[PDB]
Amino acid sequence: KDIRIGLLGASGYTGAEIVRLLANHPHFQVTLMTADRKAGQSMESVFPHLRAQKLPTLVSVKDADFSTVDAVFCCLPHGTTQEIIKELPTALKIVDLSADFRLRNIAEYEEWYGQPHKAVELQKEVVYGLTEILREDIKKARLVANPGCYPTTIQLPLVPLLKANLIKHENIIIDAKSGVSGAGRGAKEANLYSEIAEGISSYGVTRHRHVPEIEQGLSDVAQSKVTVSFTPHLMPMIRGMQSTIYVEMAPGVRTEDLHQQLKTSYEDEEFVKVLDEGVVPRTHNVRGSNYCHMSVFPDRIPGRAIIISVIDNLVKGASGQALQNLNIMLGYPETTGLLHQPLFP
């Protein structure tokens, strides 16, 4: 095919998703895959479900040469991304799926991630990859910071509403849920089937790394510092994510107004569907696809509204959006190789 792709950090779930998505992409082809501990091995050995594909042997990022690669997807650990990406050739279009380039405020990155920002200058040319919102800036960016999963489900509904002054920016409470696939493939006791199955629990209470990412996006639109309440919850399922958002509507605003604004803002958007009134979205319905379904409901408390937003955390919440961004960055149709329909049941 005419576009050659490099994947940095192919042994994780987001890496596997990239490979899955590109498999039937008409123009992009994976020609370089990097892995650390598994360098030298084929990917079938790491992920046997990919045996129908012919992929290159996994090599070290340090031994990788990009002279025949056109673009790169980075799925490396928080701790490596910044220095590796900084030392990457300039002729490369880069989409970083890590969180290391999402925050524009350096001090902010340091307080939330526990270490100095090691690519301060490069940071100022980075564009946040929330496709439907920053499409125009994304198309002309060289380095794109692909948003996190939760942040994606939150900003898509709230940005348009804040921009139109339809909701107040105080007391925005977000109670989110996610499938355990978002925790990664790391071999940890807490994520074993026996520990996760048949139960739920909150996590990242009060402080979760997605908080600053969420507030940055909302603050930019509200043109005022926005402080939200965000509480993640771990679901006994593989894929799927839902944010149940509790907001205060602006004076005189009704739920119908929020609905109309959303319907208008995303009417021609392939991946963002605004459901009719009273219709409840289900994570089951977007499972395995790059779609996001959202709906608005009145809150029993006068003046308040409830917004539900769902996606497949691994697709539109990660690798799907990453590809969505690379498509337009390379001048190809945005939906290219991203029209997979939900796998239900």
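One rule holds for the numbers: they count along the sequence shown, beginning at 1.
*Asks:* Averaging only over Cα atoms, indicate whether 308-316 or 28-36 has the higher B-factor in the PDB entry.
*Replies:* On average, C-alpha B-factors are higher across 28-36.
*Asks:* Tell me which stretch, 135-143 or 202-210, has the higher mean Cα B-factor listed in the entry.
*Replies:* Result of the comparison: 135-143.
*Asks:* Between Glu215, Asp268, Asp96, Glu195, where does the Cα B-factor run highest in the record?
*Replies:* Spelled out: the listed residue with the top C-alpha B-factor is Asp268.
*Asks:* Out of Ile174, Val221, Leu158, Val274, which one has a C-alpha B factor higher than all the others in the entry?
*Replies:* The listed residue with the largest C-alpha B-factor is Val221.
*Asks:* Comparing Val296 with the other modelled residues of its chain, is its CA B-factor in the lowest, middle or highest third?
*Replies:* Middle third.
*Asks:* Would you mind checking where the Cα B-factor of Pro48 ranks among the modelled residues of its chain, as the lowest, middle or highest third?
*Replies:* It belongs to the middle third of the chain when residues are ordered by C-alpha B-factor.
*Asks:* Would you mind checking where the Cα B-factor of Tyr150 ranks among the modelled residues of its chain, as the lowest, middle or highest third?
*Replies:* Answer is lowest: the recorded C-alpha B-factor places it there.
*Asks:* By the recorded C-alpha temperature factor, relative to the other modelled residues in its chain, which third is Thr264 in?
*Replies:* For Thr264, whose C-alpha B-factor we compare with every modelled residue in the chain, the answer is the highest third.
*Asks:* Thinking about Cα B factors across the chain, which third does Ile3 belong to?
*Replies:* Highest third.
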